[PDB]
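Written below as structure tokens is the structure these notes are about.
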Amino acid sequence: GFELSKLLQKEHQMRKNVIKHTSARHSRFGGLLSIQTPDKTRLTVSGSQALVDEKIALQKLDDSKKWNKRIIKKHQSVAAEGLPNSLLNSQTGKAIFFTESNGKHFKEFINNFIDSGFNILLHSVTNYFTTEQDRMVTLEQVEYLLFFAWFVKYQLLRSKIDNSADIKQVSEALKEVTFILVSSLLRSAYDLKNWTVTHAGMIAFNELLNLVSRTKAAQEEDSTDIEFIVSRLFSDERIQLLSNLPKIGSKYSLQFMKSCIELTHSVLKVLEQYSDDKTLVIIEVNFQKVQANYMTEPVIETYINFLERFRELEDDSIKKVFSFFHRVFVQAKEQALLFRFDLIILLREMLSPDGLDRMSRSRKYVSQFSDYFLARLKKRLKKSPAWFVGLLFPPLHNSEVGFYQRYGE
Amino acid sequence: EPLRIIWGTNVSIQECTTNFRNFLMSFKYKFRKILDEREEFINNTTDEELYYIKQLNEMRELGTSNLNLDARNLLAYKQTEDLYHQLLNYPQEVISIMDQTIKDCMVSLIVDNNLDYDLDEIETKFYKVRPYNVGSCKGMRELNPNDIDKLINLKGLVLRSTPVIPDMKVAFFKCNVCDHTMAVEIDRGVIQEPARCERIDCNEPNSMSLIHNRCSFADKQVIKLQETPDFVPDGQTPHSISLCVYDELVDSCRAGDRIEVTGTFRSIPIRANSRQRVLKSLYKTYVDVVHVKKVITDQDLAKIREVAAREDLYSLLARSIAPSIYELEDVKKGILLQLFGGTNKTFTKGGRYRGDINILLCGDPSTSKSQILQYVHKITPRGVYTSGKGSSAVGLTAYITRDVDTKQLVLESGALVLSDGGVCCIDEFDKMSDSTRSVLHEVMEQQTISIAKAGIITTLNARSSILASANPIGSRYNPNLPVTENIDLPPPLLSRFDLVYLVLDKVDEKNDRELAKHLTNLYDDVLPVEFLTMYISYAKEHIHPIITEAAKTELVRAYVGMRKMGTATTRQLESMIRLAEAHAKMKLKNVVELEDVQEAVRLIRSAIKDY
Amino acid sequence: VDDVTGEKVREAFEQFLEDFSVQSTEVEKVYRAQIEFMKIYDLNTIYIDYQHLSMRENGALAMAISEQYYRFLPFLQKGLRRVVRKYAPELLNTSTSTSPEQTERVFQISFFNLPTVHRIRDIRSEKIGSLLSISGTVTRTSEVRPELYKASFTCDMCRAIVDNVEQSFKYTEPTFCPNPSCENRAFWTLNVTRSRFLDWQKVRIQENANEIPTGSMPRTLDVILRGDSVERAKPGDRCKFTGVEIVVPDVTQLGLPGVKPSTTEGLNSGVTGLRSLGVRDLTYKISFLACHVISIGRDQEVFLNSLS
Amino acid sequence: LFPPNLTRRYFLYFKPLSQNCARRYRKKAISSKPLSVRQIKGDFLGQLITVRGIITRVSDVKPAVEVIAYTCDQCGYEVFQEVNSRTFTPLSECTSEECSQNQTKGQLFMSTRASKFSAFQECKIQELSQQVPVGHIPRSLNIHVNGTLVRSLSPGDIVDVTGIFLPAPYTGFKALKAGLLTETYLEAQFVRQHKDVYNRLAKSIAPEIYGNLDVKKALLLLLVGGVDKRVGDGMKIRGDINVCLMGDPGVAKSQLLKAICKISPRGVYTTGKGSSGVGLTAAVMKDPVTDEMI
Amino acid sequence: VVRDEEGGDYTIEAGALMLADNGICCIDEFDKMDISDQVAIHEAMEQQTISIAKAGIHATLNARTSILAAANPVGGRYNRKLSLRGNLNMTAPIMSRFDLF
DNA sequence: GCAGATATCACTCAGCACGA
DNA sequence: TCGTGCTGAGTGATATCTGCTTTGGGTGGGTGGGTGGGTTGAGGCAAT
Ligand SMILES: Nc1ncnc2c1ncn2[C@@H]1O[C@H](COP(=O)(O)OP(=O)(O)OP(=O)(O)O)[C@@H](O)[C@H]1O
Ligand SMILES: Nc1ncnc2c1ncn2[C@@H]1O[C@H](COP(=O)(O)OP(=O)(O)O)[C@@H](O)[C@H]1O
Ligand SMILES: [Mg+2]
Ligand SMILES: [Mg+2]
Ligand SMILES: [Zn+2]
Ligand SMILES: [Zn+2]
Ligand SMILES: [Zn+2]
């Protein structure tokens, strides 16, 4: 009942926002508006609501246009590659609804299994498939990685919710052999351009990073052993691969981009934690250089493309994308990267009354990031008149003026 | 800074909005009086107050989304002189601007006043303005092409209205693949349909379908208006003009009513055939209606209660009902008690008892009988002036017919049925075939008519009072012979009537002199009819007398005495009951006293006349 | 994309149907007992009192079902089916030798005891798709007809099968053949044997005479009865219907196989713009889908048994 | 830029050539010479002629569109289309040079506020009883009135209308199946209308009748209809002086009746039975075609 | 017999004596009824069946109804001297049909 | 000759892999 | 670290095509025309 009331209250707010765009009179009432642009020319826009608000008039003028630019989306079903429907291709929000009794039984069964024999099963499977790495077929790789990731995530959530349970039940997760196996599979997938297993390995790596961070936070003294494992998983080749992963993710499915966001956030958090705590050595690792490797145009393009679907997104994803935006904007002072136009349109769409819900948690982050970006952009534009044209086309790569273009000096 | 401008003109919409907001914010009725050269009529309470602010506050308290506007008020103000012409010449844009400004004014009033009223109700409510009194009333035969797309004022008689028609407002589309739902608006009767799904992940083209039962709808109705008979120049078929009314104005005017309508005189093409875009060169003309006008306060109640205290109220009302008729006080009194009527009784374990009084006015020809009939016909809210030999048995009760538009068997309402709750009037009762008179037997007894013929078996309520007149068989009334001989009509029928008066034109040197002096002055105050109608309506609606023991104790005596002297049947006792109840209604009493029943019996004996 | 609000309403309806109880002279589950009654006596319709709905869950469920009934109706049926599966599994399927005809039972939900009763003249377009009750006099009653509920077609090229096609208001045929190789797009044959049908009856009602204004033509309306509520209303008598106010389009314009397309003096022009309506316009007509009907007005042993 | 007809706000009409002018200057007038619907043949098509007859039907004024104005939601440009036929096809896509150079598919939408309209009336004219040959039935000719001449013709009137006799070519598929037969009409251009006191005004009620002086005085009083009808608070007193003339056959009653009844501007001579089937007062009859009591 | 709605074929429409099958029918003013209508209820009173042979509608319906009626005298009041048949314009058959007076 | 529903063909554009 | 030639893919405009009637009924007419066709029977009501 409470959930239904909340959903009805949200739908009522949406209806109220929609009502603002509808005319009191009927469709055939008539009424033509003539809006004159500064160059002494007037365009005719119909509709009663366009008469009072100029934004509605411009929006209707926009919508009346017929020609649409191409968008080609070549996507392959899981059945094509012989894989079953799973989190890889399902919607971010698709939830299987359970009755109280069935949900309780499912929780009890999963809890008993995790408390009983997850470690032994993982040990046996990882040893067997380390003996037989070569003949692995995509189905088995994806299934194993997904099982690992799901169980690690569930254990993490259970530990966070209550302290009665223990976090050592997934001890085999931190065991070296499993980590080497996962890294080898991910590297092979990247080399052979097998994107499905690549996505599965990305999810598994995200889960491993979450687990390592949580265990280090719980016990820092015993983390000295954990410090051994982190040194392995941040190899130069691995760092390059992780840096490149977001770059290619732009032209792929939404779930892949979500996994890219998750992995990038987790990697950045772990790297910051370890750099602050002690001297990170794989070659000493400084957070500045790894951060710089992550500031590139394709990364921002991928992030913008991800945030274009904010309507179907969750609060956590919005928070993470805006946290990364804040990092790029402030921590490294690379505002030139975010001085694009797609970001402006997206910000106005999300802050519009018909856009993201006003009484929502994410709107606070959106408003703060806007305020800051608008202030900095106004300052830069006042300083540099030429940026009035730079907002449209991509940044230059010319040595003579590249430095002035980016840093303004 | 693009400037919004109405198409084809040079009026800035922002100027219109600000001027209308200022006019609504600060307007006092004193300006209207000043404009009409009525300066000396300005008071200090009503004319010194913000009119439209009170109108909007009353709207909010009553939860309404309508504000009737007067153009002469716009002319009264200073900043809205040009707005009157703009409204007259470009009605659609100005009306939309006024609606939006009214909504903005309500929102600003709520926000600034810091009231506790929730903003949700006002935010989701559509507000509409209904201007009227926009100038002289044009004739239905004077609308030229020059007056297309301009605000006009019309008056006519409603002839026929179609049932409610649903008109789409917002369409609803659902993607067949991803089950994604979106709503799109309708402009100029065209759906702005999408080519492909608006979602990014799913872009399958031509996969969107219209869900008919989830689209928002509005109300539409089409009316036919016939010009008033007076406007007809040389006695031809009166012209007709079609009207369209939406939302609130639907089901506001019934068939056969005189209305004054303000709207836009629109024009629209007619397609030559169903399966082509081709259009006829001749355009159809019609009117888009924006306002319709069909042509008690505590102070009045305090005033009405003052009259009731007057000792000579009976004489005042009897003298005011028919001012012109001279020296017929008893006839007037009898007529008045019919308007008030008896008391209504709802009665299970039996049948309903209705307090309706029937009066017969039979007498010598030249006496004022038909004049009183017309006088009462004017006062009553409902009634049919049926005559003798001009009405039929079926015509009085009901006529079985068929509806061409619906092709279904329907029945019309006859003269008696059309008078439900009023007072029927008949002029020449004697000059009526007994076949038709037999219909009145059931009306006066059961207050209902039952019809069973040609597959229609139903009963129509005819709860109406009958007021008939008759003339003597001879050229005059002869006192020598008894009543049953002089007036005709079956003897039993005369017993049904509650009161049967007898007015005769005796010859005298003083009565004739006074009558002649009274009917020649045309070439003792009386209440204005407007107030009298309100008086009788209030008495008929609120008051409900209840008999007392003292009434019964002497009513039994009166009835038994009436029967002892001898025609006198139970109907006479029921008539006494009804008359006693009716007279109590006049004085606004909830209990019938001995005096009222004494007056009733006094009236009954002195009607037939106390030889 | 799933409808979160619909699923939440489904869960709330399931909980109400499961745990609701009313104190008797003992306390018993009214609706679980009713479901058991149907299971024993093989009934399709399950009657639900609206006052009980309003009482539970602060009335939010009642508001959701009443304000938007056409939207939420399928979810209510899903919840009812889930509850029936939980408690009376055998009721789901339709009821010397084996019988292969075991089709899914088409449950119907009937709502009654609405707090307010309307009139034919009070029907408005603002309340299309809302749960409301009306009263009227039955003037006509069409014969019982079978209505195509869920068709099943076979391709004319490869002889495939496409089943569970939903008909909205007209004869709807598939568009794309499920077989990847086949090129058929508009040639199909209806499998009249494997399809499913519902009983259908149209009833015309006019407003009661006393309610009418003096000297006014009564207003008529069309009412549709389905399932077990057929041949319940009879000509002449006065009945109280409860259901959902729907609007029926002019199916001829939408495109019907075989049929050709197509007071007010040309002012009754519909809405145009759809791809199906290349140049034609669609006009609407209000109707009423009724789920509940109420009639306002041998030997000795048989009568004695009825008497208590 | 815009079509010339759009800016025009005047109507041009032709006045026929009067007979006096033609005879003055030694010429023959064909236009003014009145004709009858019978004599209007196909040879006169496309000429200015005059027709004499009685109007038997008129229609309500309706706006006939002459120049339609459209507006492109993209350009801001207006497109004007001339219509000179009984039917036309609306424009869909903008033809402006802006929509051409950019090749934008802007949509044109009709705007009745900027179009041009002309008042239109359709009437019928029929032959008089003096022009129908024996054994023949009267014929009717349609008349079209445009511009300011509208409302100058009313039912039941004898007129001399001068106009252009033109055909009305069919359009669409109807043209192919209709054949070569042409439906014609008349475009009205000019319309010409064929238009002791007591004792003295008493002996002049019917000078021919000899006697009955007092009766004639009474009929004069009837003619005056002497009254000052008085209406007070509702009472109405009749203001009509009814009179009857009884007697024996031979005395001048019917002659007096028709004279007195012609004198007044309005009168109706009828027998005691009534005006044909309907008797004096009124009567309700079943409609032969609609079967509705009228 | 009235033509079928949306049909060219005739059909039988029930009447007062049909809707009152196995029931009581009430007539308020028997005398005022026309002679043509009075003879209509002659078969339904005794035979308890209605036979109509109108347009292509040959049928024999059943009306097992009890009819109760109220009538006024020939004049205004009941005449003591005159007999029952004298007071009422009803003839011998209808009076014989009636069970009680 | 004219409008509408339908299907055909040709042209041009965004991705891809390799070579510079 | 990156630039460009080849390819599959999908709309846009344009080619053929069917159709150009259609229909029972008097608020669709008779200057649209009968080679496009329309063939009741009971019951109610005014006149008398
Ligand atoms: N005083 C008179 N002066 C002139 N002619 C007269 C006079 N008296 C009678 N006539 C002639 O008497 C003839 C009588 O015919 P008329 O048409 O008047 O019939 P009527 O008897 O008056 O008519 P009805 O009886 O039908 O009302 C008329 O030709 C009239 O000219
Ligand atoms: N007492 C009276 N008061 C006023 N007018 C009277 C009176 N008596 C007679 N008249 C006049 O005499 C006329 C009688 O005509 P009318 O009332 O039509 O008589 P009836 O209707 O009885 O035939 C009326 O026009 C009225 O002006
Ligand atoms: Mg009179
Ligand atoms: Mg004569
Ligand atoms: Zn979609
Ligand atoms: Zn197939
Ligand atoms: Zn254009």
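Chains as they are written, first to last, in the authors' numbering: chain A, 332 to 613, 655 to 781; chain B, 175 to 469, 501 to 728, 739 to 781, 792 to 836; chain C, 103 to 127, 131 to 200, 252 to 418, 429 to 463, 499 to 509; chain D, 191 to 385, 409 to 507; chain E, 612 to 712.
Backbone N, C-alpha and C define an ideal beta-carbon position, used for all residues, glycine too.
Going by beta carbons, residue 828(B) and residue 813(B) fall outside the 8 angstroms limit.
Excluding the 5 residues flanking it on each side, residue 668(B) has same chain C-beta neighbours closer than 7 angstroms at 559, 561, 625, 626 and 652, in chain order. Taking a C-beta cut-off of 7 angstroms against chain C, none of the residues of the segment 316-332 of chain B qualify. Residue state for residue 811(B) is assigned as helix, using DSSP reduced to three classes. Residue burial is scored here from C-beta neighbours: residue 327(D) has fewer than 16 other C-beta atoms within 10 angstroms and is therefore classed as exposed. Look at residue 627(E): its C-beta is under 8 angstroms from a C-beta on chain B. In this structure residue 461(A) touches residue 512(A) by the C-beta definition: roughly 6 angstroms separates them, less than 8 angstroms. Measuring C-alpha to C-alpha distances from residue 606(A) to each of 662(A), 594(A) and 429(A) identifies 662(A) as the nearest. Under a 10 Å Cβ-count criterion, residue 366(B) is classified as exposed, with fewer than 16 other Cβ atoms of the shown protein chains found around its own Cβ. In the three-state DSSP reduction, residue 452(C) falls in the strand class (E or B).
Residues whose Cβ lies closer than 6 angstroms to any heavy atom of ligand 6, listed in chain order: 311(C), 313(C), 314(C), 316(C), 333(C), 335(C), 338(C) and 340(C). With contacts defined as CB atoms closer than 8 angstroms, residue 430(B) and residue 464(B) fail to qualify as a contacting pair.
With respect to the 8 angstroms criterion, residue 311(D) and residue 335(D) are classified as neighbours on the basis of their beta carbons. Counting the other Cβ atoms within 10 Å of the Cβ of residue 378(A) gives 16 or more, which makes it buried.
One thing to note: residue 236(D) has its Cβ no nearer than 8 angstroms to the Cβ of residue 375(A). Inclusion of residue 288(D) in the 7 angstroms shell around ligand 7 follows from its C-beta lying nearer than that to a non-hydrogen atom of the ligand. Spanning the alpha carbons of residue 683(A) and residue 272(B) requires a straight line of approximately 35 angstroms.
Taken through DSSP and simplified to helix, strand or coil, residue 299(D) comes out as strand. In this chain, the beta strand (DSSP E) harbouring residue 302(C) covers 301-311.
Residue 707(A) places its beta carbon 8 angstroms or farther from that of residue 420(A). Selection 124(C), 141(C) and 160(C) evaluated against residue 332(A) yields 160(C) as nearest (Cα-Cα). Ranked by Cα distance from residue 430(C), the options 567(B), 764(B) and 394(B) are led by 394(B). For residue 627(B), no CB of chain E lies under 8 angstroms from its own CB, so it is not counted at the interface with that chain. Between the alpha carbons of residue 261(C) and residue 396(C) lies a distance of about 27 angstroms. In this structure, ligand 1 has no non-hydrogen atom nearer than 7 angstroms to the beta-carbon of residue 619(E). Around the beta-carbon of residue 711(B), fewer than 16 other beta-carbon atoms lie within 10 Å, marking it exposed. In the assembly as shown, residue 758(A) is an exposed residue. Its beta-carbon has fewer than 16 other beta-carbons within 10 Å. Less than 8 angstroms divides the Cβ of residue 350(C) from the Cβ of residue 308(C). For residue 567(A), the enclosing alpha helix (DSSP H) has its first and last residue at 567-579.
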